[PDB]
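The structure file run-v6.txt is reproduced below (compact mmCIF, C-alpha atoms and all ligand atoms).
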```
# COMPACT_ATOMS: atom_id res chain seq x y z
CA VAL A 3 0.00 0.00 0.00
CA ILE A 4 3.03 2.31 -0.27
CA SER A 5 2.64 5.14 -2.75
CA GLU A 6 4.95 5.19 -5.71
CA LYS A 7 6.41 8.37 -4.21
CA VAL A 8 7.32 6.84 -0.85
CA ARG A 9 8.60 3.75 -2.69
CA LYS A 10 10.88 5.78 -4.97
CA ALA A 11 12.16 7.65 -1.92
CA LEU A 12 12.97 4.44 -0.07
CA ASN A 13 14.62 2.98 -3.16
CA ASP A 14 16.73 6.13 -3.57
CA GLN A 15 17.77 5.71 0.05
CA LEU A 16 18.57 2.02 -0.42
CA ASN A 17 20.99 3.06 -3.16
CA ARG A 18 22.32 5.81 -0.85
CA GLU A 19 23.10 3.17 1.78
CA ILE A 20 24.98 1.09 -0.83
CA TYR A 21 27.16 4.08 -1.75
CA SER A 22 27.67 4.77 1.96
CA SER A 23 29.07 1.27 2.19
CA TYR A 24 31.35 1.88 -0.80
CA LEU A 25 32.66 5.20 0.51
CA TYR A 26 33.55 3.57 3.81
CA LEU A 27 35.36 0.75 2.04
CA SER A 28 37.16 3.41 0.02
CA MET A 29 38.22 5.10 3.26
CA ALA A 30 39.65 1.80 4.45
CA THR A 31 41.76 1.55 1.27
CA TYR A 32 43.29 4.90 2.23
CA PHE A 33 43.85 3.82 5.86
CA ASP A 34 45.29 0.44 4.86
CA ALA A 35 47.67 2.10 2.36
CA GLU A 36 48.89 4.42 5.15
CA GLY A 37 49.49 1.51 7.56
CA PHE A 38 46.54 2.33 9.86
CA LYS A 39 45.23 -1.21 10.30
CA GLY A 40 42.96 -0.07 13.14
CA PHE A 41 41.18 2.77 11.41
CA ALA A 42 40.85 0.55 8.33
CA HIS A 43 39.24 -2.22 10.37
CA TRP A 44 36.80 0.36 11.76
CA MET A 45 35.82 1.51 8.27
CA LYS A 46 35.29 -2.10 7.15
CA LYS A 47 32.92 -2.83 10.03
CA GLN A 48 31.06 0.35 9.09
CA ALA A 49 30.87 -0.64 5.41
CA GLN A 50 29.35 -3.97 6.45
CA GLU A 51 26.93 -2.19 8.79
CA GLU A 52 25.64 0.05 6.02
CA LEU A 53 25.06 -3.01 3.83
CA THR A 54 22.67 -4.45 6.38
CA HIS A 55 20.97 -1.05 6.47
CA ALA A 56 20.52 -1.31 2.71
CA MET A 57 19.07 -4.81 3.05
CA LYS A 58 16.60 -3.66 5.71
CA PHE A 59 15.39 -1.17 3.13
CA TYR A 60 15.43 -3.99 0.58
CA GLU A 61 13.20 -6.29 2.60
CA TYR A 62 10.85 -3.57 3.87
CA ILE A 63 10.19 -2.39 0.29
CA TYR A 64 9.10 -5.92 -0.68
CA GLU A 65 7.05 -6.36 2.51
CA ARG A 66 4.96 -3.35 1.39
CA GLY A 67 4.55 -4.57 -2.19
CA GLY A 68 7.22 -2.56 -4.00
CA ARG A 69 10.17 -3.52 -6.19
CA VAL A 70 13.86 -2.63 -5.74
CA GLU A 71 15.88 -1.17 -8.61
CA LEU A 72 19.65 -0.91 -8.20
CA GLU A 73 21.33 2.13 -9.73
CA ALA A 74 24.91 2.87 -10.75
CA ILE A 75 27.30 3.53 -7.87
CA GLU A 76 29.58 6.48 -8.38
CA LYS A 77 33.31 6.30 -7.83
CA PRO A 78 34.09 7.40 -4.25
CA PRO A 79 37.09 9.52 -3.27
CA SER A 80 40.15 7.44 -2.48
CA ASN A 81 42.40 9.92 -0.67
CA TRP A 82 42.16 12.30 2.27
CA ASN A 83 44.72 14.55 3.98
CA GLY A 84 45.20 12.43 7.07
CA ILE A 85 43.07 10.52 9.57
CA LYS A 86 41.16 13.49 10.97
CA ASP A 87 40.34 14.68 7.47
CA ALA A 88 38.97 11.25 6.56
CA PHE A 89 36.77 11.00 9.68
CA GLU A 90 35.53 14.56 9.18
CA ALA A 91 34.50 13.46 5.71
CA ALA A 92 32.81 10.44 7.31
CA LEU A 93 30.89 12.74 9.69
CA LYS A 94 29.84 15.12 6.93
CA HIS A 95 28.61 12.13 4.93
CA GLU A 96 26.62 10.68 7.85
CA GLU A 97 24.91 14.07 8.31
CA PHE A 98 23.90 14.05 4.64
CA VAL A 99 22.48 10.57 5.12
CA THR A 100 20.54 11.82 8.16
CA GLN A 101 18.97 14.69 6.21
CA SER A 102 18.11 12.24 3.45
CA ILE A 103 16.21 10.09 5.94
CA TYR A 104 14.42 13.08 7.49
CA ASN A 105 12.99 14.03 4.11
CA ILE A 106 11.55 10.53 3.75
CA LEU A 107 10.14 10.79 7.27
CA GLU A 108 8.46 14.03 6.17
CA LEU A 109 6.91 12.56 3.05
CA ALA A 110 5.71 9.56 5.09
CA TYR A 111 4.08 11.90 7.61
CA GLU A 112 2.45 13.77 4.71
CA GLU A 113 0.94 10.60 3.25
CA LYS A 114 0.13 9.33 6.79
CA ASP A 115 2.22 6.25 6.03
CA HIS A 116 2.44 5.30 9.69
CA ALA A 117 4.24 2.05 8.88
CA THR A 118 7.03 3.86 7.05
CA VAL A 119 7.26 6.50 9.80
CA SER A 120 7.82 3.72 12.35
CA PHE A 121 10.26 1.85 10.11
CA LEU A 122 12.52 4.88 9.71
CA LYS A 123 12.67 5.64 13.43
CA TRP A 124 15.25 2.88 13.89
CA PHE A 125 17.43 4.53 11.24
CA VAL A 126 17.06 7.96 12.85
CA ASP A 127 18.27 6.52 16.17
CA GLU A 128 21.15 4.63 14.55
CA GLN A 129 22.41 7.70 12.66
CA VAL A 130 22.39 9.67 15.93
CA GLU A 131 24.60 6.94 17.39
CA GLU A 132 26.89 6.71 14.38
CA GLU A 133 27.32 10.50 14.10
CA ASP A 134 28.35 10.54 17.75
CA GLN A 135 30.72 7.58 17.38
CA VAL A 136 32.61 9.58 14.74
CA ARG A 137 32.60 12.70 16.97
CA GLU A 138 34.14 10.67 19.80
CA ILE A 139 36.88 9.46 17.42
CA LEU A 140 37.64 13.00 16.27
CA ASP A 141 37.76 14.19 19.89
CA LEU A 142 40.00 11.34 21.01
CA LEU A 143 42.48 12.17 18.20
CA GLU A 144 42.42 15.93 18.82
CA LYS A 145 45.63 17.96 18.28
CA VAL X 3 57.11 -7.07 -5.02
CA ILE X 4 54.11 -7.21 -7.38
CA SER X 5 54.59 -5.35 -10.64
CA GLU X 6 52.32 -2.42 -11.31
CA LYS X 7 50.88 -4.50 -14.15
CA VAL X 8 49.89 -7.48 -12.01
CA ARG X 9 48.60 -5.05 -9.36
CA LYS X 10 46.39 -3.18 -11.83
CA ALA X 11 45.08 -6.53 -13.09
CA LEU X 12 44.20 -7.70 -9.60
CA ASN X 13 42.58 -4.36 -8.80
CA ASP X 14 40.52 -4.55 -12.00
CA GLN X 15 39.42 -8.01 -10.90
CA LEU X 16 38.57 -6.81 -7.38
CA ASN X 17 36.22 -4.29 -8.98
CA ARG X 18 34.89 -7.08 -11.25
CA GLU X 19 34.03 -9.13 -8.16
CA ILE X 20 32.16 -6.14 -6.66
CA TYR X 21 30.03 -5.79 -9.80
CA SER X 22 29.48 -9.56 -9.77
CA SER X 23 28.02 -9.08 -6.31
CA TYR X 24 25.80 -6.23 -7.53
CA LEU X 25 24.51 -8.15 -10.56
CA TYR X 26 23.55 -11.06 -8.32
CA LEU X 27 21.73 -8.75 -5.93
CA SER X 28 20.00 -7.26 -8.97
CA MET X 29 18.91 -10.75 -10.00
CA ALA X 30 17.41 -11.25 -6.56
CA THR X 31 15.36 -8.06 -6.97
CA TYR X 32 13.86 -9.64 -10.09
CA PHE X 33 13.22 -12.98 -8.34
CA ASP X 34 11.75 -11.32 -5.24
CA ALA X 35 9.44 -9.16 -7.40
CA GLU X 36 8.20 -12.33 -9.14
CA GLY X 37 7.52 -14.12 -5.83
CA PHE X 38 10.45 -16.57 -6.14
CA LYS X 39 11.71 -16.33 -2.55
CA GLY X 40 13.95 -19.36 -3.08
CA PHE X 41 15.79 -18.25 -6.18
CA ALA X 42 16.14 -14.80 -4.60
CA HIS X 43 17.67 -16.28 -1.45
CA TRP X 44 20.13 -18.18 -3.67
CA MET X 45 21.18 -15.00 -5.47
CA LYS X 46 21.68 -13.20 -2.14
CA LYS X 47 24.00 -15.91 -0.81
CA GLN X 48 25.91 -15.64 -4.09
CA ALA X 49 26.14 -11.84 -3.84
CA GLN X 50 27.61 -12.22 -0.35
CA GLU X 51 30.01 -14.90 -1.59
CA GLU X 52 31.37 -12.64 -4.31
CA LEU X 53 31.95 -9.90 -1.73
CA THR X 54 34.28 -12.15 0.23
CA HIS X 55 36.02 -12.93 -3.07
CA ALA X 56 36.53 -9.20 -3.53
CA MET X 57 37.92 -8.86 -0.02
CA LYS X 58 40.36 -11.73 -0.58
CA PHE X 59 41.66 -9.71 -3.51
CA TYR X 60 41.61 -6.65 -1.24
CA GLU X 61 43.78 -8.22 1.44
CA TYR X 62 46.15 -10.02 -0.94
CA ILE X 63 46.88 -6.75 -2.79
CA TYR X 64 47.94 -5.13 0.50
CA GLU X 65 49.93 -8.20 1.59
CA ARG X 66 52.08 -7.71 -1.54
CA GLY X 67 52.54 -3.97 -1.05
CA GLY X 68 49.92 -2.55 -3.41
CA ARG X 69 46.99 -0.18 -2.95
CA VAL X 70 43.31 -0.75 -3.79
CA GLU X 71 41.36 1.81 -5.82
CA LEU X 72 37.59 1.41 -6.06
CA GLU X 73 35.97 2.34 -9.36
CA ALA X 74 32.42 3.24 -10.34
CA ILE X 75 29.99 0.32 -10.46
CA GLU X 76 27.76 0.27 -13.49
CA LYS X 77 24.02 -0.18 -13.27
CA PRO X 78 23.19 -3.90 -13.66
CA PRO X 79 20.21 -5.23 -15.60
CA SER X 80 17.10 -5.56 -13.45
CA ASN X 81 14.86 -7.79 -15.57
CA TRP X 82 15.08 -11.15 -17.32
CA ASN X 83 12.53 -13.22 -19.24
CA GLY X 84 11.97 -15.84 -16.56
CA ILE X 85 14.03 -17.94 -14.17
CA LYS X 86 15.95 -19.92 -16.77
CA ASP X 87 16.85 -16.74 -18.61
CA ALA X 88 18.19 -15.19 -15.40
CA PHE X 89 20.33 -18.23 -14.51
CA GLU X 90 21.63 -18.45 -18.08
CA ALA X 91 22.70 -14.84 -17.66
CA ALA X 92 24.33 -15.85 -14.36
CA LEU X 93 26.23 -18.66 -16.12
CA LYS X 94 27.36 -16.43 -18.97
CA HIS X 95 28.59 -13.90 -16.41
CA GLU X 96 30.51 -16.51 -14.39
CA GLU X 97 32.25 -17.65 -17.59
CA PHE X 98 33.32 -14.06 -18.28
CA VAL X 99 34.69 -13.87 -14.75
CA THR X 100 36.60 -17.11 -15.34
CA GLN X 101 38.24 -15.78 -18.52
CA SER X 102 39.11 -12.61 -16.64
CA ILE X 103 40.94 -14.65 -14.02
CA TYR X 104 42.74 -16.79 -16.62
CA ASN X 105 44.24 -13.68 -18.19
CA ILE X 106 45.64 -12.66 -14.79
CA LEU X 107 46.99 -16.18 -14.34
CA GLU X 108 48.73 -15.76 -17.71
CA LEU X 109 50.32 -12.43 -16.85
CA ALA X 110 51.44 -13.86 -13.49
CA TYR X 111 53.06 -16.81 -15.27
CA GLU X 112 54.76 -14.36 -17.63
CA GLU X 113 56.26 -12.32 -14.79
CA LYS X 114 56.99 -15.56 -12.84
CA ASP X 115 54.87 -14.17 -10.00
CA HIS X 116 54.58 -17.58 -8.36
CA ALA X 117 52.76 -16.12 -5.36
CA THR X 118 50.01 -14.65 -7.53
CA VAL X 119 49.78 -17.86 -9.59
CA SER X 120 49.14 -19.80 -6.37
CA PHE X 121 46.71 -17.21 -5.02
CA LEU X 122 44.49 -17.38 -8.11
CA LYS X 123 44.30 -21.17 -8.12
CA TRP X 124 41.68 -21.05 -5.37
CA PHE X 125 39.56 -18.75 -7.54
CA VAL X 126 39.95 -21.00 -10.59
CA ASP X 127 38.66 -23.96 -8.54
CA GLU X 128 35.79 -21.96 -7.05
CA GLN X 129 34.60 -20.70 -10.45
CA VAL X 130 34.59 -24.28 -11.75
CA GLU X 131 32.32 -25.15 -8.82
CA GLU X 132 30.08 -22.13 -9.23
CA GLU X 133 29.70 -22.59 -12.99
CA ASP X 134 28.61 -26.16 -12.34
CA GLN X 135 26.22 -25.18 -9.55
CA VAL X 136 24.39 -22.96 -12.06
CA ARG X 137 24.41 -25.77 -14.68
CA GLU X 138 22.79 -28.12 -12.17
CA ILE X 139 20.08 -25.51 -11.49
CA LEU X 140 19.39 -25.07 -15.20
CA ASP X 141 19.22 -28.85 -15.66
CA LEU X 142 16.92 -29.36 -12.68
CA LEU X 143 14.50 -26.74 -14.08
CA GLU X 144 14.61 -28.08 -17.65
CA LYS X 145 11.43 -27.91 -19.80
FE FE A 201 23.04 3.63 7.14
FE FE A 202 34.00 -14.48 -7.55
```

Could you render the structure as structure tokens?
Amino acid sequence: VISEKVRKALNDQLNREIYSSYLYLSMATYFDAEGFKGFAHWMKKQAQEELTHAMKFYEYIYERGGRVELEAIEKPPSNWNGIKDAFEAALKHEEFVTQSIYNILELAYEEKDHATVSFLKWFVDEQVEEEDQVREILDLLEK
Amino acid sequence: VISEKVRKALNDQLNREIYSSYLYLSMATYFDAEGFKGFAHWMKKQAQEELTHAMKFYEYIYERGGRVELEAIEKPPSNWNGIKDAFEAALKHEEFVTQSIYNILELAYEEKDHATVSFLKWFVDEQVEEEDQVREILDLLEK
């Protein structure tokens, strides 16, 4: 019973979560090249976490009677100017993902799609946590 | 001690294994849309299997002192004309992946990169198995 509009929006987001996963893997390639096994391992966990986010969107879309369409994934950046600069790029990206979700939340509220509104709440909470995990990294590394 | 040429070839293949994973997920979107939960679940296992193939290339490249660079992933097809037509596309794709590996095997033999030659042998064996798993599906579904 999902509108085509809310379905398109959730499919767009599914593809956004796939690119999120690819960017984070890209960041690991930078960390691994620079010898930072530990930051690379962190980025690889994150890349796997975003994939399960994308599959939660995948399965919810089919539960509501929609179809998934996978789009082209753009080439991510492969180099930053140091650790801090990578993680600040991570944080900026997370915040873009959070705004992306909030616009779906708004459209769901508009259409009174109470099931979608409830589905997204988990992703709102998890992005709050992830944004703050990156802030704690940046603070721990300060100066 | 890997040549730039053998490194580029293994990085190209890493990106080929990522697209392999995306094509297989695409095939699942087709199966799931058509109600075939079972063929979709098969394609999702396969997509996850190719990802670990791509990460074996990822970690081997760094073990030999190279860097990974992630490229853009093209949009896969999202529709086939039935089950059999999907799996025949799967088989044709596997065979392209096998030829891709054999050309790396050849370049490794040329450069007497005995470590790469041994690394790829696992992927030669696994593609033989996967190609035959798809043939057994096609035969079981015949007419
Ligand atoms: Fe996410
Ligand atoms: Fe593979």

Non-local contacts of residue X:140 (10 Å; only C-alpha atoms; under 2 positions in same chain excluded) as a list in words: residues 85, 86, 87, 88, 89, 90, 93, 134, 135, 136, 137, 138, 142, 143, 144 and 145 of chain X

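Take the candidates X:69, X:104, X:91, X:22 and check each one against ligand FE 202 (chain A) using only C-alpha atoms and all ligand atoms; the shortest distance goes to X:22.
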
Site check for ligand FE 202 (chain A): residues at most 10 Å away, only C-alpha atoms and all ligand atoms, as a PyMOL selection string: chain X and resi 15-16+18-23+48-56+58-59+96+99-100+103+125-126+128-129+132

Atomic separation - atom CA of residue A:123 relative to atom CA of residue A:14, Å: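 Atom-to-atom, atom CA of residue A:14 and atom CA of residue A:123 are spaced 17.5 Å apart.
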
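Our summary of the geometry notes that atom CA of residue A:117 is positioned 22.9 Å from atom CA of residue X:39.
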
Point-to-point distance in Å for atom CA of residue X:4 and atom CA of residue X:115: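 So the answer is 7.5 Å.
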
Give me, as a tab-separated table (two decimals) with C-alpha atoms, in the coordinates of the input, the contact residues of chain A against chain X at a cut-off of 6 Å, counting only C-alpha atoms.
```tsv
chain	number	residue	atom	x	y	z
A	31	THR	CA	41.76	1.55	1.27
A	35	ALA	CA	47.67	2.10	2.36
A	69	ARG	CA	10.17	-3.52	-6.19
A	70	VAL	CA	13.86	-2.63	-5.74
A	73	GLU	CA	21.33	2.13	-9.73
A	74	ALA	CA	24.91	2.87	-10.75
A	75	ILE	CA	27.30	3.53	-7.87
A	76	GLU	CA	29.58	6.48	-8.38
A	77	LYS	CA	33.31	6.30	-7.83
```

Rebuild N, CA, C and O atoms on stretch 17-35 of chain A, as a compact mmCIF listing (two decimals), in the frame of the given file?
```txt
# COMPACT_ATOMS: atom_id res chain seq x y z
N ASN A 17 19.79 2.79 -2.37
CA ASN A 17 20.99 3.06 -3.16
C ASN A 17 21.94 4.03 -2.44
O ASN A 17 23.17 3.89 -2.57
N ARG A 18 21.42 4.97 -1.64
CA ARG A 18 22.32 5.81 -0.85
C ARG A 18 23.06 4.98 0.19
O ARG A 18 24.24 5.22 0.46
N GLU A 19 22.39 3.99 0.80
CA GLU A 19 23.10 3.17 1.78
C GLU A 19 24.16 2.29 1.12
O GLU A 19 25.16 1.97 1.76
N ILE A 20 23.95 1.88 -0.14
CA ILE A 20 24.98 1.09 -0.83
C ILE A 20 26.22 1.95 -1.06
O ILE A 20 27.35 1.52 -0.78
N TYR A 21 26.03 3.17 -1.56
CA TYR A 21 27.16 4.08 -1.75
C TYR A 21 27.85 4.40 -0.44
O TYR A 21 29.08 4.50 -0.40
N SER A 22 27.08 4.62 0.63
CA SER A 22 27.67 4.77 1.96
C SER A 22 28.63 3.65 2.24
O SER A 22 29.72 3.86 2.79
N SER A 23 28.23 2.42 1.90
CA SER A 23 29.07 1.27 2.19
C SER A 23 30.34 1.33 1.34
O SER A 23 31.44 1.01 1.82
N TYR A 24 30.22 1.81 0.11
CA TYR A 24 31.35 1.88 -0.80
C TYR A 24 32.33 2.98 -0.40
O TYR A 24 33.55 2.79 -0.45
N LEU A 25 31.81 4.14 0.01
CA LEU A 25 32.66 5.20 0.51
C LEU A 25 33.48 4.74 1.70
O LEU A 25 34.68 5.02 1.79
N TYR A 26 32.85 4.01 2.62
CA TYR A 26 33.55 3.57 3.81
C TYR A 26 34.62 2.55 3.47
O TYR A 26 35.70 2.57 4.06
N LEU A 27 34.32 1.65 2.52
CA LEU A 27 35.36 0.75 2.04
C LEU A 27 36.48 1.53 1.38
O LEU A 27 37.66 1.24 1.58
N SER A 28 36.13 2.55 0.60
CA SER A 28 37.16 3.41 0.02
C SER A 28 38.04 4.02 1.10
O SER A 28 39.28 4.05 0.96
N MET A 29 37.43 4.49 2.19
CA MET A 29 38.22 5.10 3.26
C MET A 29 39.18 4.09 3.84
O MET A 29 40.33 4.42 4.16
N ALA A 30 38.74 2.84 3.97
CA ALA A 30 39.65 1.80 4.45
C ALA A 30 40.83 1.62 3.51
O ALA A 30 41.93 1.32 3.98
N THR A 31 40.63 1.74 2.19
CA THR A 31 41.76 1.55 1.27
C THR A 31 42.82 2.61 1.53
O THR A 31 44.02 2.32 1.50
N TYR A 32 42.38 3.84 1.82
CA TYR A 32 43.29 4.90 2.23
C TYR A 32 43.99 4.55 3.54
O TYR A 32 45.22 4.59 3.61
N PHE A 33 43.24 4.17 4.57
CA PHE A 33 43.85 3.82 5.86
C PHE A 33 44.82 2.65 5.73
O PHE A 33 45.91 2.66 6.31
N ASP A 34 44.42 1.60 5.00
CA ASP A 34 45.29 0.44 4.86
C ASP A 34 46.58 0.80 4.10
O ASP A 34 47.66 0.33 4.45
N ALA A 35 46.48 1.67 3.09
CA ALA A 35 47.67 2.10 2.36
C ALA A 35 48.64 2.87 3.25
O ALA A 35 49.86 2.76 3.07
```
